[PDB]
Colleague: 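Pasting a structure below so you can have a look.
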Amino acid sequence: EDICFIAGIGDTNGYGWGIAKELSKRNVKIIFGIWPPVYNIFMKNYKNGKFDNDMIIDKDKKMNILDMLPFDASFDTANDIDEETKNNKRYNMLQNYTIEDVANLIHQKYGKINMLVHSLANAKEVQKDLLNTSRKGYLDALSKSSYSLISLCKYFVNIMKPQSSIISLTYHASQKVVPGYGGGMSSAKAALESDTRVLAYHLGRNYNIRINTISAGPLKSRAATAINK
Amino acid sequence: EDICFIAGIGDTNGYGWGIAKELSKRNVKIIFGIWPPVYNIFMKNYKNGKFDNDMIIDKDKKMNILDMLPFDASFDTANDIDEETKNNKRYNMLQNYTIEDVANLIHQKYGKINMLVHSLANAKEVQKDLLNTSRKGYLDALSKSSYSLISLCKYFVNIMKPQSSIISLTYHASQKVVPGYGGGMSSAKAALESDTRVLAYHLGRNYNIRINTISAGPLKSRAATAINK
Amino acid sequence: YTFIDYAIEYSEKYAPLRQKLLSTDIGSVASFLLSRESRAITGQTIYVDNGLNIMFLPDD
Amino acid sequence: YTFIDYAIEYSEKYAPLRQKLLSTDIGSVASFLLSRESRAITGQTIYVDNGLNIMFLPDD
Ligand SMILES: NC(=O)c1ccc[n+]([C@@H]2O[C@H](COP(=O)([O-])OP(=O)(O)OC[C@H]3O[C@@H](n4cnc5c(N)ncnc54)[C@H](O)[C@@H]3O)[C@@H](O)[C@H]2O)c1
Ligand SMILES: NC(=O)c1ccc[n+]([C@@H]2O[C@H](COP(=O)([O-])OP(=O)(O)OC[C@H]3O[C@@H](n4cnc5c(N)ncnc54)[C@H](O)[C@@H]3O)[C@@H](O)[C@H]2O)c1
Ligand SMILES: Oc1ccc2cc(Oc3ccc(Cl)cc3O)ccc2c1
Ligand SMILES: Oc1ccc2cc(Oc3ccc(Cl)cc3O)ccc2c1
């Protein structure tokens, strides 16, 4: 039984949803990793049937969502959670949303999985060109958009079967310049592409696991709008 | 009813065969394009059941070869056949083996196809390093291994349906130096990869046809054994 | 009218393949890479952008 | 002992994935690129070499 964990879905307008939809075409169980800030809005809509159409897979098939879990790619373990977010109106009532906690969580409920999708990015200062991005904003972009992949691998490699596959999404702005893609997003994608190679080495040799990254074209996703430039 | 013409098959030890095997796995009709010099020897081995086992598709299926035609990628049309080859014992009892003729031959017997595979290469001087490769040898390599792809497209695009797809095989030698891969193969692969891009623009804009090339790893095929180094 | 609208419009006018890129287009490719059908591919950056990346100079 | 035997030997010891490369590995990838599943890919060079191409310096 193929089980894919898709990290980075807050709506049906993104690539994560398009990936999920296509995977269910092949009958693979889908586990959603939702960012806490939009978790309630997502569940609320899902339950109120606001995605029913979006879940129609041509051949009548109804997209099968195995589970939906709060997930924050910026926290590796439970003692990495600062008090502020700990007590935030959106996080306060949730638990087991760190990278390490969702790995154990998925492992205890469904066992080993064999498919991992990294479909998230985040840059606070995306509106600023590279030259005027701060060290804090830049490191924030690399921490959420790049490191998150490495950390996902470190923790999920123990719950993944041999010959499993991992993928993430990148953008050509890492290789060629596109003005407007700031905040260090271009930097983060460059690192991500580079890390995909180094990880393909460590994961391939040690675990027989593969990892590739898809450089996608433009899609009018919710996040795409944040790029005010 | 997908129909795929695979140009560049002389046995079951190459990639062309691996490609045919995987295609028929998905019920696509296969047409082989066989280089004249080994056509009769191939038909003979085929008729005596020497490929019988090699044709068993994992799922207990049998590989269905629609047709097998003599085909020489170095001749664009009938009036390109020189008297030397025109009289050769191997090409004598054969006709209609030029890129244009087989295109017409296929169109006449089976109609339009939607998949084309370029899986052939040829370099008379592969044993000499680039520096000592002659002009005649260098050009022979490009003509047979690179241009052949362009001519295939030009003539076959007339018998292909919209949204068709085309692939060819290449080797990393075109990007990084591999001692031993001489006689202009590296140059030809470098032209093939670049032409693929350019052809993608034309075929994409004018016919909505896609073209890509696969850079494969090492495979102990018959031609591979040839490269003495 | 925002960056994304420029990106999309520019992609649909100059890409070798003129057609709307759907989230499912990336989905189908992501599906192939995640399956055993791609057992020999790893550490790669696969482009799914209708070929835009291969262009240098726009047509008109 | 011939060029191809050196390459195959080298590929099986230093590629990220230490497995035997089969003609059907390339076959399944070809099959995918030839289908409508890859409608958004064109003009690309896809590597199907167990990832050997990403290495610079060999381990041993
Ligand atoms: N839309 C495009 O035009 C485009 C193009 C090329 C590459 N990409 C890539 O596709 C991926 C997904 O983006 P999308 O464009 O489909 O938009 P999207 O808005 O659906 O994806 C971003 C998601 O990441 C989540 N997120 C942010 N910070 C997080 C965190 N700390 N923990 C967990 N989740 C977090 C958000 O909830 C959001 O749903 C990104 O990696 C992006 O770089 C997108
Ligand atoms: N074997 C490898 O390690 C390797 C690696 C990467 C790429 N490739 C490529 O794969 C493709 C197929 O090679 P293969 O290695 O499977 O070997 P192969 O020996 O099966 O294929 C070569 C074929 O080309 C045909 N040929 C030569 N000149 C021709 C002409 N004028 N007209 C028509 N056919 C002609 C021959 O009959 C022969 O069958 C080649 O393009 C090769 O460069 C191979
Ligand atoms: O805080 C942010 C800021 C920007 C973002 C861009 C994203 O995806 C992309 C959208 C469009 C394009 Cl062209 C490339 C992307 O990576 C995804 C998440 C983001 C989060
Ligand atoms: O006359 C010749 C000379 C060399 C050849 C190499 C070929 O395929 C390859 C085999 C091994 C490797 Cl490593 C790369 C290839 O392209 C294919 C055909 C050839 C014909």
Side-chain angles (χ1 to χ4, degrees), chain B residues 2 4 12-23 25-26 28 58 114-117 119 126 163-167 169-172 174-176 178-181 192-193 196-201 203-204 209-221 223-229, chain D:
Chain B
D2 304 313
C4 172
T12 65
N13 312 312
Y15 275 125
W17 190 268
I19 296 177
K21 219 176 176 190
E22 283 295 305
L23 284 177
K25 208 192 217 66
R26 305 184 185 182
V28 322
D58 297 358
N114 59 316
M115 303 183 155
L116 179 64
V117 166
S119 171
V126 71
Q163 309 185 325
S164 279
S165 191
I166 308 165
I167 60 159
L169 289 302
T170 184
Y171 184 50
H172 196 50
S174 62
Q175 306 306 315
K176 301 300 180 178
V178 296
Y181 199 68
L192 186 78
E193 281 170 39
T196 292
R197 286 188 282 284
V198 178
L199 283 183
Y201 167 65
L203 298 172
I209 291 181
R210 301 184 296 101
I211 180 173
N212 295 284
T213 184
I214 291 170
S215 187
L219 177 77
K220 195 167 181 59
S221 63
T225 291
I227 308 179
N228 184 302
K229 196 59 177 56
Chain D
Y1 54 172
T2 76
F3 163 70
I4 193 62
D5 288 307
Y6 172 66
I8 288 180
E9 191 191 65
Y10 184 99
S11 185
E12 295 187 1
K13 282 189 177 183
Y14 299 119
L17 270 37
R18 296 120 90 63
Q19 68 190 203
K20 194 172 191 170
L21 181 60
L22 304 177
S23 75
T24 55
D25 289 326
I26 277 56
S28 64
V29 178
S31 184
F32 164 73
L33 287 175
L34 291 176
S35 75
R36 283 256 285 170
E37 308 284 52
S38 60
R39 66 188 290 267
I41 303 180
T42 188
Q44 300 308 297
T45 295
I46 303 301
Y47 277 85
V48 185
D49 65 342
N50 288 327
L52 212 212
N53 80 84
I54 75 180
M55 303 305 295
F56 177 38
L57 296 177
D59 320 297
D60 192 54

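Here is the naming used below: chain letters follow the sequence lines, and residue numbers restart at 1 for every chain. The basis for the numbers below is simple: all heavy atoms, side chains too, and nothing from hydrogens, waters or symmetry mates.
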Colleague: Please classify the contact of D:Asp5 with chain B as side chain, backbone, both or neither, using a heavy-atom distance under 4.5 Å.
Modeller: side chain

Colleague: Which region of B:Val117, side chain (C-beta onward) or backbone (N, CA, C, O), has a non-hydrogen atom less than 4.5 Å from a non-hydrogen atom of chain D, or is it both or neither?
Modeller: side chain

Colleague: Looking at B:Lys229, B:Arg210, B:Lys220, B:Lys176, which has the largest count of heavy-atom pairs under 4.5 Å with chain D?
Modeller: B:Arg210

Colleague: So, using salt bridge (charged side-chain N to carboxylate O under 4.0 Å, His left out) as the criterion, who are the partners of D:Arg36 when residues are at least two apart?
Modeller: none

Colleague: Non-hydrogen atoms of chain D under 4.5 Å away: do they reach the side chain of B:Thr213, the backbone, both or neither?
Modeller: both

Colleague: Going by residue number, which parts of residues 48-60 of chain D are within reach of chain B, meaning a heavy-atom gap below 4.5 Å?
Modeller: D:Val48, D:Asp49, D:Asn53

Colleague: In terms of heavy-atom pairs under 4.5 Å with chain B, which of D:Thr24, D:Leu22, D:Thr2 leads?
Modeller: D:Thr24

Colleague: Need one label for B:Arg26: side chain, backbone, both or neither, based on atoms under 4.5 Å from any heavy atom in chain D.
Modeller: side chain

Colleague: Which one, B:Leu23, B:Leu192, B:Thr225, B:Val178, leads in non-hydrogen pairs under 4.5 Å with chain D?
Modeller: B:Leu23

Colleague: Measuring from D:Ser31:OG to B:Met115:CE, what's the distance to the nearest 0.5 Å?
Modeller: 6.5 Å

Colleague: Find the one option among B:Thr196, B:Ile214, B:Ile19, B:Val198 whose heavy-atom pairs under 4.5 Å with chain D are most numerous.
Modeller: B:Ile214

Colleague: With a 4.5 angstrom heavy-atom cut-off, which part of B:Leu203 approaches chain D: side chain, backbone, both or neither?
Modeller: neither

Colleague: Is there any residue in residues 6-16 of chain D with a non-hydrogen atom under 4.5 Å from a non-hydrogen atom of chain B, and which ones are they?
Modeller: D:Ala7, D:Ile8, D:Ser11

Colleague: Out of B:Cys4, B:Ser165, B:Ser215, B:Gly217, return the one with the most heavy atom pairs under 4.5 angstrom to chain D.
Modeller: B:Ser215

Colleague: Using a 4.5 angstrom heavy-atom cutoff, name the option from B:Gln175, B:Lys25, B:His172 with the most pairs to chain D.
Modeller: B:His172

Colleague: Of B:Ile167, B:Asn114, B:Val28, B:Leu116, which meets side-chain contact (heavy atoms from CB on, under 4.5 Å) against D:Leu34?
Modeller: B:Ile167

Colleague: Which of residues 38-45 of chain D have a heavy atom under 4.5 Å from any heavy atom of chain B?
Modeller: D:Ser38, D:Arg39, D:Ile41, D:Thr42, D:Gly43, D:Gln44, D:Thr45

